[PDB]
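One-letter residues, chain by chain:
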Amino acid sequence: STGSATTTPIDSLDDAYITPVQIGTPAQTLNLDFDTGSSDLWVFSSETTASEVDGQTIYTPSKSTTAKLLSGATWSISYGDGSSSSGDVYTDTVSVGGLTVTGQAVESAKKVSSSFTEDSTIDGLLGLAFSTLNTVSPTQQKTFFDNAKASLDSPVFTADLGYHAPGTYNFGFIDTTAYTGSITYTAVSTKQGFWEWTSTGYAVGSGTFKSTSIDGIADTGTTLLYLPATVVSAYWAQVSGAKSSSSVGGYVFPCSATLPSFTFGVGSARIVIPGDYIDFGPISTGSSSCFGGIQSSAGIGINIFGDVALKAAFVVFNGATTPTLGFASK
Ligand SMILES: NCCN1CCOCC1
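Residues numbered from 1 in each chain as written, not as in the entry; some residues may be left out. Heavy atoms only, no water. Residues with missing side-chain atoms left out of burial classes, pairs and counts.

Regarding how it was determined, this PDB entry cites X-ray crystallography in its header, along with a resolution of 1.9060 Å.

Below is the structure:
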C-alpha cells in the first residue's frame, strides 16, 4: 500500500506545515504537524482543559466506533522549544493520504502548554522519528510510520516541503517526478532516536565548498536550519548589517538584503538552499530587520536540519532494518 498527502504552511513564513489526518470512524480530520524530530502522535481532544483550546479542531473518541481506550497508559512530552503536553491514550484507525493504519496509538491531550494553545492552526503532532522516543508509559507505542511499515510497498516516507507553498508527504513510494538529479543516501545513527546523519560540508553563496563533518538531525518539526557557530558566522558575515540580537533570539539582517544561497553536502552530492529561503521573514510586518533562516545550534546541543534546509530538497526517510536518509535537489 501507499499514502500521499499534501502538507501546507500554517502562515506566510512557513513557521510550520500542517497535514490533514483522518482519525476514527466516522473520520475526524485534524491538521497535524508531521514531526521527524519526535515520536508521539498526539491531538487536541474532548479531554483537553477548555481554557487551553483556542480554535483547534478536537478529536472526540466517544464519537468513534473504532476508538479503544488503552487503560493504564499515559503520555507526557517536553519539546526543545520549552513546550509540552500530556494526556491519555487511545488506539484508533488513522489514515494519511489514503494509507490506513488500524490500532494506531492516538495520544489524547488533557493539558497543553501556552505555545500549543496560541497556534490555532495546529491540532496536534504526528511524530516520525524512531519509536524509541515515544513517551507512552508504561507501554511504549509505535509511530504511524512504524505501524504502517510492514504494509507499505517499500518501508520509506518522503518529505517534499514547499517554500511559501504546499508540499507533499508520501509513504511507501518514491515519486521520480518530484526532484531533479538523483537521490543521494547517507548513513543514519538511531542511537538518540532521531534521523541523525553527518553532512559532508558547506558553501556560502558562490564560495568554495568546505569539507567538514557536521552531525545533525533531519527535523521537519523544526522551522529553521541550526548549525555550528563557525558555519553560521561565516554565512552571516556575507550579509551587510547582519548581527546576533539577544532581544529577538538570533541573527537578524536588514530586510533590504538579497541573501546568498547556502550549500550543504550529502556524501559527494550538494543541496543548495536558495537565499530567499534563508530570508525567513520580517521580525514584524513592516520591520527594518528580518530573522535569519540559518541560526546557531550553540544553545541546543545538536545541529538541526529543519524546514529551511529540508524545503530545498526531496528527502527520503528510509525505514529499512538499517535506516538511511536520502536527499535530492528540486
Ligand atoms: N506558538 C509558538 C510556536 N509556534 C510554532 C509553530 O509556528 C508558529 C509558532
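Trainee: How would you sum up the overall build of the protein? Please name residues and give values.
Mentor: Along the protein, the regular secondary structure elements total 5 helices and 24 strands. Relative to the 2.2 N^0.38 estimate, which gives 20 Å for 330 residues, the radius of gyration of the protein is 20 Å and therefore close to what a compact globule would have. The dimensions of the protein, computed from C-alpha atoms along their principal axes, are 60 × 45 × 35 Å. Long-range contacts, defined as pairs at least 24 residues apart, comprise 66% of the intrachain contacts of the protein with a sequence gap of at least 6. (Helix = DSSP H or I, 4+ residues; strand = E, 2+ residues; numbered from the N terminus. Rg over C-alpha atoms; globule rule 2.2 N^0.38 Å. Contact = heavy atoms within 4.5 Å.)

Trainee: Can you tell me about the site of the ligand, naming the residues and giving the values?
Mentor: Taken together, the residues surrounding the ligand are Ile10, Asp15, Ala16, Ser115, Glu118 and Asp119. Between the ligand and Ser115 there is a distance of 3.0 Å, counted from a nitrogen atom to a backbone nitrogen or oxygen. A distance of 2.7 Å separates a nitrogen atom of the ligand from a polar side-chain atom of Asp119. Considering the ligand on its own, with 280 Å² of exposed area, one finds that the protein chains cover 69% of that surface. Considering only residue class, the shell around the ligand consists of 2 nonpolar, 1 polar and 3 charged. (Near = heavy atom within 4 Å. Polar contact = N/O pair within 3.5 Å; in protein donor to acceptor, adjacent residues only side chain to side chain. Areas by Shrake-Rupley, 256 points an atom, 1.4 Å probe, with all protein chains shown as cover. Nonpolar A, V, L, I, M, F, W, Y, C, P; charged D, E, K, R; others polar.)

Trainee: Tell me about the UniProt feature "active site" in the protein, and please be specific about residues and values.
Mentor: Following the UniProt record, the feature "active site" maps to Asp35 and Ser199 here. By the element assignment, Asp35 lies in strand β3 (residues 28–35). If we ignore the near neighbours within four places in the chain, the residues touching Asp35 are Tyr79, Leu125, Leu126, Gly127, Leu128, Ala129, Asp219, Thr220 and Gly221. Residues within four places of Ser199 in sequence aside, it is in contact with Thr212, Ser213, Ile214, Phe264, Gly265 and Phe305. From its side chain, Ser199 meets the backbone oxygen of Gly201 in a polar contact 3.4 Å long. (UniProt positions renumbered as here; feature names shortened; annotations may be inferred.)

Trainee: Would you mind going over the packing of aromatic side chains in detail, with residue names and values included?
Mentor: Overall, the coordinates contain 26 aromatic pairs when judged by the stated rule. Between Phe144 and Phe171, the ring centres sit 5.5 Å apart and the planes meet at 85°, which makes this aromatic pair edge-to-face. Highlighted residues: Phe144 in helix α2 (residues 144–148) and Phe171 in strand β10 (residues 167–171), separated in sequence by 27 residues. The class of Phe144 is buried, set by a relative accessible area of 1%. Given the relative accessible area of 0%, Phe171 is considered buried. One aromatic cluster in this structure is built from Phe34, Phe130, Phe144, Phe145, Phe157, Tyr169, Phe171, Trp195 and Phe317. When the ring centre of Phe209 is taken as reference, the NZ or CZ atom of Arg270 above it lies at 3.6 Å. (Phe/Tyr/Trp six-rings, centres within 6.5 Å; stacked < 30°, edge-to-face > 60°. Buried < 20%, exposed > 50% of the residue type's maximum accessible area, 1.4 Å probe, protein only. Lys NZ or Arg CZ within 6 Å of the ring centre and 35° of its normal.)

Trainee: Please give an account of the domain arrangement of the protein that cites residues and values.
Mentor: Accessible area lost when the parts come together is the quantity often used to give the size of an interface. As assigned here, the protein comprises domain 1 (5–174) and domain 2 (175–330). Each side of the interface is counted separately: domain 1 has 30 residues, and domain 2 has 35 residues. Elements represented by at least two residues in the side of domain 1 that touches domain 2 include exactly β3, β9 (156–160) and β10. Looking at the side of domain 1 that touches domain 2, the element that brings in the most residues is β9, giving 5 residues. Looking at the side of domain 1 that touches domain 2 residue by residue, the classes come out as 18 nonpolar, 6 polar and 6 charged. (Domains from an automatic or database assignment.)

Trainee: Help me get a handle on unusual backbone geometry, residues and values and all.
Mentor: The omega torsion across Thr25 and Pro26 is -5°, close enough to zero to call that bond cis. Within the fold, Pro26 resides in the loop between β2 (17–23) and β3. Following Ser137, the chain continues into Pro138 via a peptide bond in cis, with omega recorded as 0°. Its identity is not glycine, yet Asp14 carries a phi of approximately 65°, on the positive side.

Trainee: Break down the pattern of salt bridges for me, with residues and values.
Mentor: Here the structure, examined in full by the defined rule, presents 2 salt bridges. When the shortest N-O distance is used, the salt bridge between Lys311 and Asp14 registers 2.9 Å. In this pair, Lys311 sits in the loop between α5 (307–310) and β23 (313–318) while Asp14 sits in the loop between β1 (3–9) and β2, placing the two residues 297 residues apart along the sequence. Overall, the relative accessible area of 2% leaves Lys311 in the buried class. Here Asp14 falls in the buried class, since its relative accessible area comes to 0%. Measuring nitrogen to oxygen at the nearest pair gives 2.7 Å for the salt bridge that ties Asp160 to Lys330. Of the two residues, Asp160 is situated in strand β9 and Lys330 in the segment after β24 (324–329); the sequence distance between them amounts to 170 residues. (Salt bridge = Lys/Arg side-chain N within 4 Å of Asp/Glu carboxyl O.)

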